[PDB]
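K.L.:
Take this structure first; my questions come after.
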Amino acid sequence: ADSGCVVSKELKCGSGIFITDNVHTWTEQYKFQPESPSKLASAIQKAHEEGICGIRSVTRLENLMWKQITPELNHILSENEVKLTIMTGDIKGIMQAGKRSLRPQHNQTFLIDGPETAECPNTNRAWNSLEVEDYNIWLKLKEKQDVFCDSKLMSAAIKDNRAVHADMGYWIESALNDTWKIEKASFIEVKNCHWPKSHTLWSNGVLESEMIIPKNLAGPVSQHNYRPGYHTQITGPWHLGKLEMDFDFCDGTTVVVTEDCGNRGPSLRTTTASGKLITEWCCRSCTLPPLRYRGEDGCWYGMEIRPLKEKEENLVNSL
Amino acid sequence: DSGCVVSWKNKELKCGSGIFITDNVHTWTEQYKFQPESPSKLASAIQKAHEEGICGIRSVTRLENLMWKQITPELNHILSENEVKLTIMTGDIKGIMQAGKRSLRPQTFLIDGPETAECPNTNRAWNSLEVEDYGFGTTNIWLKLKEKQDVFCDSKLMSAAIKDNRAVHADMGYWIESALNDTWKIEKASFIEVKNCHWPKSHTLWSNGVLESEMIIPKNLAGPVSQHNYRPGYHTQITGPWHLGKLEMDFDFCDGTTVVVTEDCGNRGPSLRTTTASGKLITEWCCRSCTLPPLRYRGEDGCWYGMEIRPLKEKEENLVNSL
Ligand SMILES: *[C@@H]1O[C@H](CO)[C@@H](O)[C@H](O)[C@H]1NC(C)=O
Ligand SMILES: *[C@@H]1O[C@H](CO)[C@@H](O)[C@H](O)[C@H]1NC(C)=O
């Protein structure tokens, strides 16, 4: 067990389990490391032999690993005198999943991450094929090609009417004010894996048509992932990659509830592409305070929120 | 909520923000104490309930009973001073804290104590108190009356967490550890109390597709409805030694006993103790489909085995079981 001391203005000490937030920390405390870059390289040789253009990362740290290891891998690949050039790209927005998966055991090109292409489909990319051995993190090959995120990375906790589902890239908070409902969400990444129900709190009788964070977007199948007058934000501003969902009004905007408002569609931003600000918003059934997203390009509103009088075409949505 | 914690086994410590769950069970000091909001209102509720025709009430948890014992004379004092002739009497608690079919809402009176015929549990009040706020310091806690009736344990006392493939469901008298060795399963369970409420789903992990026949710790014993409450080859231990009240159950053999897996072994029945009423020690045990290390209960009178586990040779009627 983990024995120590923590302070909230109350002080408490003892033994138990401590769940940390590594998302909001400006410092990068964790890095990913391989146990056998040789085995990895061989698995990539096999993958290319098994017909694979490249691989797509599940998380940000995996991508950073692929980046920091690519030269050595290519070097190793050259050390084995096997003709292949490994190319690692960047991650942006939702990390799309790959249907292929690695198996443990002029020049060609192996495309790790990067943007989409016609030469290499997502179905030819490998994904979710690296798990954690132990803790800098000793990683390794997986059992099989499950569409779940790594269990050793997931975490969760609940006490004093505050529930948290946490990850190395996610930080999801719900609370009990009259009822249990989602409160906050923090994202460094957006991934296409599924949140394991082993590390999930309150998973019984969960309507997937109501869970805000999408299941196929590592959304916890939980009644904590619930918010009255909301549904799954399938078409939300997840194209940001890094964002902060909360339940308040965007700065300088006003949202009201009315039947006169339109139907739910792709999330929109307060700021026009031209820079024009809209202050008047509406929802047909949403529950004030409204679902908002804080990111790079500014604030966005939930799918349920549409502008009152302004035409939707004038705005920017999830493309 | 920021702080620093150190793991000896992991040989690693960490600082930062987040959420800390504390094992209130293996605390050397009884840090917590139950205290009401307005004892006068409690007394009022007692008078009203007695007038309704109630005979007594039953605590839900240990520290609740402690509060009752800590405020009874003051309560009985309030009664007389506020014009009424009711004698409130509180006995101790042993084993399972039987629920009461009735409840509180905002000739003598009996609280807890032994089971009696004058005041059956069907006419007892139970699960009528909830916490509003926490005191600080010893650490005390407020209590007020519930506006709703249920058999759920107070949500504000339960906790849960998962990290490093080790789940924990905690309480003030419960501490239930699960882990991932090969597969996910329950590893330990610590009790200072045995209650009959229900462990709510809001504070539960993996509550999907949970066979109550597979949940080791019974649902009606505040057992977490979870696949963290599972064990390969074991079922709901309804006839475990829950008469002990305080116990520490886990998975290892009893000291100087032998358990094996044999289809010839007897079927599952009441949990037996390794030692008989005379004092003999049953060294040979078995199970049909159970898995080793065996489900054992470390209590006061010694080590016990799971329901699936039977004495290999010795007639089970020569052994002591949960009556
Ligand atoms: C809790 O919800 C009520 C309405 O349901 C609201 O009036 C109150 O402000 C909320 N408490 C908060 C936000 O702390
Ligand atoms: C997991 O189970 C195996 C089965 O024999 C055992 O050898 C091992 O020690 C167990 N691991 C832990 C951490 O208890």
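We count from 1, first residue shown onward.
The way this entry was determined, per its header, is X-ray crystallography, 3.0 Å.
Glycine too: its Cβ is placed from the backbone N, Cα and C atoms.
Marked as disulfide bond by Swiss-Prot on the basis of similarity to another entry: B:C4-B:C15, B:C55-B:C119, B:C153-B:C197, B:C254-B:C303, B:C265-B:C287, B:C286-B:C290. Swiss-Prot lists B:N181 with the feature N-linked glycosylation site, giving sequence analysis as the kind of evidence.
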K.L.:
Do you know which of the recorded positions B:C4, B:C15, B:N181, B:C254, B:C287, B:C303 end up with C-beta under 6 Å from ligand 2?
P.N.:
B:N181
K.L.:
Among all the protein chains here, how many other CB atoms are within 10 A of the CB of B:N181 (N-linked glycosylation site)?
P.N.:
9
K.L.:
Please report the end-to-end Cα distance in Å across the unmodelled region of 24 residues, from B:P106 to B:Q107, as a whole number.
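P.N.:
Across the gap, the Cα atoms of B:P106 and B:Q107 sit 22 Å apart.
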K.L.:
Just name the winner among B:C4, B:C15, B:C55, B:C265, B:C290 (the disulfide-bonded residues) by count of other CB atoms within 10 A of its CB.
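P.N.:
Top count of Cβ atoms within 10 Å goes to B:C290.
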K.L.:
Are there any residues in the same chain, six or more apart in sequence, whose C-beta is under 8 angstroms from the C-beta of B:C153 (disulfide bond), and if so which?
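P.N.:
Counting only residues 6 or more apart in sequence, the Cβ neighbours of B:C153 (disulfide bond) under 8 Å are B:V60, B:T61, B:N127, B:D171, B:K195, B:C197, B:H198, B:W199, B:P200, B:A222.
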K.L.:
So which of the disulfide-bonded residues is most packed in, judged by how many other Cβ atoms lie within 10 Å of its Cβ, out of B:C254, B:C286, B:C287?
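P.N.:
Answer returned by the neighbour count: B:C287.
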K.L.:
Fill in the CA-CA distance, B:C254 (disulfide bond) to B:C286 (disulfide bond), as an integer in Å.
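P.N.:
It is 12 Å, counting Cα to Cα.
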K.L.:
Quick one, can you pull the C-alpha distance from B:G137 to B:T138 in angstrom, nearest whole number? The 2 residues in between aren't in the model.
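P.N.:
Flanking Cα atoms, separation 5 Å.
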K.L.:
Near chain A, which of the recorded positions B:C4, B:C119, B:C153, B:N181 can you find when the cut-off is a Cβ distance under 8 Å?
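P.N.:
Only B:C4 pass the 8 Å Cβ test.
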